[PDB]
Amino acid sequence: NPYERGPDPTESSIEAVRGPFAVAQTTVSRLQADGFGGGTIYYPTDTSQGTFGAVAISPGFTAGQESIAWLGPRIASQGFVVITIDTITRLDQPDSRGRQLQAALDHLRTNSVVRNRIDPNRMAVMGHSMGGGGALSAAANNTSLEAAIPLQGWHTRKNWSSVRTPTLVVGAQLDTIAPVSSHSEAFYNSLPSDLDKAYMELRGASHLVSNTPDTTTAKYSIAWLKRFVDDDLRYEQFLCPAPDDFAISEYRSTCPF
């Protein structure tokens, strides 16, 4: 694997708030962002290993970038360029959120600080609440995205037959805002049966789980990004088969990948 980055993984390594790569940050202003409300980019200083796949992350309704700020450094430390985006408006809907994510990854192709540190062919999308719905729309409008991860996703749309990108759907058990039955689960089973996919329910968690460091959320997001953005077969061990939980009330996948 030429995109393999970093030492072989451990259940501790993927659970670390910061992984191996030391990371730096650039702030995109609301003014210098075409199609989004700006954002904060996280990237590994180490270019010795090669270029890094990109990931865009959106917040949810009414929420600023702070909602999802913990995820940018935590994923980029493992070998990725991550943009934590603030929406054009706090009342932005999931479909716009899908546009603002393609806009944010596109911006990464021209950002001066991270143009040479990125691999423009291997990209992925992620979002919390409506942010997760966005992540789902950008995948359906682009069959080149290498991965997609909805987190307590919220959306009006449920059919996801078009989706052709490896998708990890994440739900919280006690969610009263975006119920799993009407959303997350509804999105996984609408996805292509033959694609590479997985659904994971988190135990005891409310809808606001992704708005605070959650180790279960981070480790599996980092394993999906590694298996599909870096084609890393070293991280398939953390997804196939299902793992011990305590935090996972439910899991279903299309293993083996």
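Quick note: we count residues from 1 along the sequence shown, nothing fancier.
Peer 1: Tell me which stretch, 187-195 or 222-230, has the higher mean Cα B-factor listed in the entry.
Peer 2: Stretch with the higher mean C-alpha B-factor: 187-195.
Peer 1: Output the stretch having the higher mean C-alpha B factor in the entry; the candidates are 201-209 and 44-52.
Peer 2: Comparing 201-209 with 44-52, the higher average CA B-factor belongs to 44-52.
Peer 1: Highest Cα B-factor in the deposition, which of 164, 74, 117, 128?
Peer 2: Among 164, 74, 117, 128, the PDB entry lists the largest C-alpha B-factor for 117.
Peer 1: When you compare the CA B-factors of 152, 159, 96, 89 as listed in the entry, which one comes out on top?
Peer 2: Spelled out: the listed residue with the top C-alpha B-factor is 159.
Peer 1: Divide the modelled residues of the chain into thirds by Cα B-factor and specify which third, lowest, middle or highest, holds residue 248.
Peer 2: As the PDB entry reports it, the C-alpha B-factor of residue 248 lands in the highest third of its chain.
Peer 1: For residue 134, return the chain-relative third of its C-alpha B-factor as stated in the PDB record: lowest, middle or highest.
Peer 2: Within its chain, residue 134 is a lowest-third residue by C-alpha B-factor, going by the deposited values.
Peer 1: Looking at the entry's B-factor column for C-alpha atoms only, identify whether residue 64 ranks in the lowest, middle or highest third of its chain.
Peer 2: Within its chain, residue 64 is a highest-third residue by C-alpha B-factor, going by the deposited values.
Peer 1: For the chain shown, is the CA B-factor of residue 148 in the lowest, middle or highest third of its modelled residues?
Peer 2: Its C-alpha B-factor, which the entry lists for residue 148, ranks in the lowest third among residues of this chain.
Peer 1: If you rank the chain by CA B-factor, which third does residue 239 end up in: lowest, middle or highest?
Peer 2: Within its chain, residue 239 is a middle-third residue by C-alpha B-factor, going by the deposited values.
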